[PDB]
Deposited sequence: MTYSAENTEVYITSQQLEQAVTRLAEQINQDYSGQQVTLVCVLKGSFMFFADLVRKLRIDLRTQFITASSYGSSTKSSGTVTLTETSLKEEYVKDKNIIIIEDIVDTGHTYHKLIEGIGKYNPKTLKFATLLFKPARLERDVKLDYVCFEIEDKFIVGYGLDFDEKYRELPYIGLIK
């Protein structure tokens, strides 16, 4: 019974992930200077990214958690709030338009989508991603909270399966 990293190759390093999350936090801090934002974590895969991001935010903040299959967030938490959805990966954009439809129906003041990883191949249609840490090639990736069969979430880096 061996550590899961030996089955993987580094694709994006943990230091590279730390610099992108810093960049993203500086950006959110600036765009929402003196305002309040509700950050929405899309479980399960965004949890590690979310844990690292929220610690570098310096604005008034509320945090909420949902899953993709929950489209569920209450109207009281959406109506007239600034929402930012925090996702691990956008591939087709099927999940995206479902989160932007099911939340946008309770009329937030603003609604933005951030993803750690974006895979532009097989994109459904027109998707507005307000924040992207990494635009990656069309590859099966694990680590930094993203799993395969409940393995690899624990890796501090984004990896390929050998």
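> Counting from 1 along the deposited sequence, which stretches were left out of the model?
Replying inline: No C-alpha coordinates exist for 72 to 86, and that is the only such stretch.
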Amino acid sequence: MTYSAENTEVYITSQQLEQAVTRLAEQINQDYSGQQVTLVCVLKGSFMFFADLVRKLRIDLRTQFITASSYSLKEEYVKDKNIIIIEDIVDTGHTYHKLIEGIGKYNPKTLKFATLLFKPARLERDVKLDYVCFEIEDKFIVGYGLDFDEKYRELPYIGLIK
From here on, numbers count along this sequence of modelled residues.
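> Of the two stretches 146 to 154 and 21 to 29, which shows the higher Cα B-factor on average in the entry?
Replying inline: The stretch with the larger average C-alpha B-factor is 21 to 29.
>> Per the record, averaged over C-alpha atoms, which has the higher B-factor: 107 to 115 or 121 to 129?
In response: Comparing 121 to 129 with 107 to 115, the higher average CA B-factor belongs to 121 to 129.
> So among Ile100, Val37, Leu57, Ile66, who wins on Cα B-factor in the entry?
Replying inline: Largest recorded C-alpha B-factor: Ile100.
> How does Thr8 rank on Cα B-factor within its chain, lowest, middle or highest third?
Replying inline: According to the entry, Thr8 has a C-alpha B-factor in the chain's lowest third.
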